[PDB]
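We just call them A, B, C, D, E, F, G and H in the order they show up, numbering each chain from 1.
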Amino acid sequence: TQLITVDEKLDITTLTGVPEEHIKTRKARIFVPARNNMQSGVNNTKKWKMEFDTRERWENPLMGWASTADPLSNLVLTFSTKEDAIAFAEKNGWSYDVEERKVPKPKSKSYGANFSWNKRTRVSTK
Amino acid sequence: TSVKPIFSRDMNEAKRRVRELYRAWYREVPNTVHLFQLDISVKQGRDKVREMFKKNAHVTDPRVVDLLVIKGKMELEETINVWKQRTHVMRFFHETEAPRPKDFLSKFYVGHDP
Amino acid sequence: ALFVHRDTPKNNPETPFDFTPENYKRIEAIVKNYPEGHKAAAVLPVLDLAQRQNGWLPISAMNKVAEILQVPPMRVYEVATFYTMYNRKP
Amino acid sequence: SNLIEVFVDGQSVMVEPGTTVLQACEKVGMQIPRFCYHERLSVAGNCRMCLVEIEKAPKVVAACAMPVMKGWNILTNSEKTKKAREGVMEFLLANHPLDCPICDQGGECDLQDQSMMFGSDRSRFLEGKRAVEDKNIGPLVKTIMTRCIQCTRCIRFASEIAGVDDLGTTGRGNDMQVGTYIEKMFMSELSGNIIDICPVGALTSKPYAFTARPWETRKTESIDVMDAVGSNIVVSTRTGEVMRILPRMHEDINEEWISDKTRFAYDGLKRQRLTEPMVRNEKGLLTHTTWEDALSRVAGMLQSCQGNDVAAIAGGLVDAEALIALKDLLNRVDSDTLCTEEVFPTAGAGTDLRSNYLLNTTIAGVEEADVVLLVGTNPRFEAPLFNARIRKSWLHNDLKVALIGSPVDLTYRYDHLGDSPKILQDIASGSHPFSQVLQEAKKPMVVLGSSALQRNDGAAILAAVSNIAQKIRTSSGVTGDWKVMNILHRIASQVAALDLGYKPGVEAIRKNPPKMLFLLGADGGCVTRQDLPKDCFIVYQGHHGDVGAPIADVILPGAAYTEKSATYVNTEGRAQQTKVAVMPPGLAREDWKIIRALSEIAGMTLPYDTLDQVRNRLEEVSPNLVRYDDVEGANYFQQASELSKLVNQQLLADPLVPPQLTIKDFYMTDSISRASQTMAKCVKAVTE
Amino acid sequence: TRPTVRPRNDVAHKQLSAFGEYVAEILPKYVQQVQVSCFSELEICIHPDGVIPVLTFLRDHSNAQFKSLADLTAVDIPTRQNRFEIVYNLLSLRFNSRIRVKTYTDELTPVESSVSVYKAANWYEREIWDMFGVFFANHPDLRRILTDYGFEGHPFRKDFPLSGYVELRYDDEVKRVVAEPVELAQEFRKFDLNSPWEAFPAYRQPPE
Amino acid sequence: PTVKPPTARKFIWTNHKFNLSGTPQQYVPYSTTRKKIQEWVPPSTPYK
Amino acid sequence: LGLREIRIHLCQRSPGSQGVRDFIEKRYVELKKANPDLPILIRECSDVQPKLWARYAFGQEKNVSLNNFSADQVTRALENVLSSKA
Amino acid sequence: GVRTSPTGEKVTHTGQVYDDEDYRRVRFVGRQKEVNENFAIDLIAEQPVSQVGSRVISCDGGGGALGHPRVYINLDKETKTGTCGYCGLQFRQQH
């Protein structure tokens, strides 16, 4: 045989050493990051990301630095699909929420439309 | 759904290993309080043993509780052999940590955390 | 030699410019050479007509050509700074 | 299908006829480099960075402009495509200034990034570079025109989307410059978006100037609350401080643009802030105190109240969580008097059916319409990207727009019908010329402004507009999927407050005045202490001390929209959620946390502890408040219209004047914008 | 492409491709992929049931003689359902060559310990227990090797934070070094560095 | 520096100082930025 | 002490909401004319089951599942709500 | 160009000074607040404006490779001088 059947839901929260405060109070966010509108490139909108809810950052009394108490503050996980991220969030007991991938819709472009006979889509300058 | 086991075929052998591990910790605790010269009692250390076992009592997967028995035996092996110091044994007892606010109201008073 | 306008007292949007009425009849003849709906095509002759009356183009001739042809003023400033004949200094 | 087959590097792809080369390469996941191409602007073709080899053709083609012919093999990575890209990048960088350290675009520069990815590693330009005179186009856009690469996205945005026609090119050749040619100030409601699409640092943000840098910023995705459009934004922070607000692309809302209030009112989010709880002392002054003292002094008054003794005014920026928190808290004292500042008429169906207070078509449905009728609104400033979508439908679909109201500038041409509301009866009776225009149309769209509903005859105006919409829809050739009746809102808290069953307007408070009044961010000045009895216990809960906080007895410092995860519903019914970007300053807290802690002090503890349980309650009152980025269809226009025919409210003789006529009145509407120094510079710039 | 480009070694590429075919056809029971990189390194991606049959073969076959275990590694790739990638690096001193034997596991599936093939692995996969939580069955003394004795979690997992969850300080009250939930006076500043433009079109993945 | 003197600048210290640690003339660190969030100052007049 | 609001949740397209839909197309209007100062909030949603929330004095809420009901059954449940007033 | 708050504390070239009711002045009690007294905004304003006969000038900060990257400053505006974005040296077209 050398194989057993486990029909249970996969849960490894007792094995990952994570304190319970950072399991049952954190909200994982599964999302494709939006394209930076400073730029036209789309190579950052290719993958799924799991981030967490941001916690308190306060002013260090000595230097004014951003002191934190959140260990999961810098934790960004990268996934190829949505279902991989959902399986990884459910595997670790993180309550998550999922945004859908927003693609730009197919535009209808025409350089000749800049110079129409009767339509408003004429350019007045070029 | 057909996975490879670690030690236990199902939950019965797994609970047997859990039960032997609890026996070994219960036997070890007075020696731990003696040779580390802890400032706790044997009743208190055995209550911490029972707390660490009953924390993981909700698990229904044989492989997960196999790995929990493996890691508990590693903790016990590091305690019987004097590999931990007194500090590592007393990290189970969060003595210097202030008590956290448990209700809604005092968590509202002290900060932003849910 | 510059392509930005700075308001001087002799070149400002209140420098007096207006076409003569015979120049308005000439502008009507210019606008009738183009299809209805493309009155903007008469920017280059009428603006040159504004140079043939005044000798050069203050920025009220540009504004008058923009106003009587109902085009934006920037669309006249582009024509006045693109073409080397429009004298933007006297 | 009539799809033609083309090849990108040998990979077959089936494209619609008219598709450009760049879009055909986009369909296989390749991104051709570009500087002047933008998918929401017209095709320019004047940077030549997108030049790509079609094989068996001895000339590269501008992929942004060239349509694919059937059978082309687009060589996106052949040798002469790469030589074209390096040559064009060499000419772009020949006269470009060595400003990359002192430039705000550094790190997020298209020119830097595709110089790294597609151009040479070094220079052959042994000459002197040109230097362009800077321009002054306002307090929002810093202008350093030496960095300009003449891509004309300025001009195509200002002409085609903002509809302004003030930017242009003067000169000729290498001396050609971008600007207004005069000292003219480019102040649109969409003027800051030219900061976004400028690929170089020639146009930068003057408020954001020099403060941060893109790699060190954290990007929280969130929702605008400055209007009821519900623009998706990126709040970019750095070390716990909000640095700037960028747009997120959402095709159905704000395509990738935001308004200038959305972009620049974030510096009002750090002035005038309520950080600590305040109570009145023995001398009548607001003094700082603890949360225990403030919540005890509010709960001791709330326990003495019952019935109509306690009321509530919700403000313009309040999330739905605090709305249902305060509703359940006042329902425990048996008080239904929970009101909004913005009046919606409760005549007929009222807020019962969702259809008679939504933008029922969509923001996207404006692209499907062919006649848009606007009544009593100035949608340019009340909802600037709803107006931007109207202008896009105007420009591309040949949309016919009409307006009933004052002849405002909407950045396009409309058929001004007149400012009298009696025209709403002349179209409904069919004696008006535009009535047949509405009848013969196939996708008509009648939008009523919610600012016109602030008039005393708002029920009569809503009845007339619904009468027109049901005259069209039930008689003419409207299919039934198409929604005609639409209401445009201006307040982010309004639609979530109407879905939760508040009573819109403060008629329920002026009728019987309470001895205790809650103000969730109520800074509209609607109900002052001249309206209340002698000693009303006014509790202000909010994030700014603007209007309602100087008259309060106890102040409860709340979270702003960047400081809490918070459900807001736009004018089309789409529920959305912000995320936490920074935390509230000082002892300030999240709003429903404050209301729930008050309910635990008052001994009427609400049945929720965390945000998910608040949202379970929020689903219990209306389950569309937990279905995010989802417009739910609202039926039953017939039944709301049959209820609207009952009471015959009389139309007044006052003409429809929106409260916002010029750009002067655009920049300050709420407590965040009035506390902004950037908005003050905008107002001072447009008034002079 | 003479001065600045790395010169391609075609002879070693051909020889490693041929030996990869050799291993793939001697051991079809376990070998899943065979690949050779452009810088001429051979990867043999196998099924985890064949850790002992493959690695003994490469240790003992007269045309392999990979008598040296250079390195043993795990790689955590969380988007894979078998998120841990166990990487063996072998050296043949006889044939002057290196091979890479890659396999997979998740948190709950034990890998068979390769201490019976290479004793070198005795600490290495022990490190893989300490850093990743990959269990190795029939290991002689499997325990932690690098983390502190009371350490909870496995640090080189990628869902594990850069700082831990606890930090130590000396406490004068209990006269003891104590562990407390971690607070940093300056948070580690996350830098989003990735350019939005594609760098390597040879590695472009096909779209959905 | 008797042969090759250093390049004179007006901002260079004319008086060199040794290691001042452990003295009242020592460096004490502080944040050099101003205040981020402004607080709402309530009105000093009564409200009735 | 008395009823305060009525909430009717329903789908637009699910068949289980069908009678609830048939309750609103015919019998809502003369309902609303009979109770002009009572908020009867109709909330359509995507895939919800039909439901009738009654809120009474002091925040008490009763809950009646209107799933798969005919319009007469919806009418009888709603008039039980209007006549009970607990 | 240093000045002093009413608490007796020096105000930096940034403008940082603690409030009177701020406790964090206790770190300078028995010690000193270290400020730099050569304010760069006052030192660059002492530099005389360079009169040049060209329309565009180049500036590298002086020293060639020891300065900043060489930029090109336009001088068409006679209302305003043209300032180096790195070094702050300002220029005027003498015509």
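Methods note: contacts are C-beta pairs under 8 Å (C-beta built on N, C-alpha and C of every residue); 3 or more make two chains touch, one makes a residue touch a chain.
With respect to subunit C, maximal separation of chain centres occurs for B (centres as means of Cα atoms). Compared on C-beta pairs in contact, A-F and D-E come out with D-E as the pair having more. Note on chain placement: the centre of subunit A and the centre of subunit D lie 22 Å apart, centres being C-alpha means. Distance from the subunit D centre to the subunit G centre is 35 Å, each centre being the mean of its Cα atoms.
Rounded to whole angstrom, the centroid-to-centroid distance between subunit E and subunit F, based on C-alpha atoms, equals 51 Å.
Taking the mean of the C-alpha atoms as each chain's centre, subunit B and subunit C sit 89 Å apart.
Residues of subunit D in contact with at least two other chains: 31, 113-114, 133, 165, 168-169, 214, 218-219, 239, 583. Annotation for subunit G: no residues touch 2 or more other chains.
In subunit C, the residues that reach two or more other chains under the touch definition are 4, 72, 74-75, 78.
By the touch rule above, subunit E contacts subunit B in their complex via residues 107-110, 133, 135, 137, 143-144, 148-150, 171, 173-174, 176-181. By the touch criterion given at the top, residues 2-8, 10-12, 14-15, 25, 55-56 of subunit A touch subunit B in their complex. Within the complex formed with subunit D, the subunit F residues making contact are 36-40, 42-44, 46-48.
By the touch criterion given at the top, residues 16, 18-20, 23, 31, 34, 37-40, 42-46, 64-65, 67, 105, 108-110, 113-114, 152, 155-156, 159-160, 165, 168-169, 196-197, 199, 214, 218-221, 232, 234, 239-240, 246-251, 256, 394-396, 398, 565, 579-583, 612, 629 of subunit D touch subunit A in their complex. Looking at the complex, you find that subunit D touches subunit C at residues 133, 135, 165-172, 175-177, 179-183.
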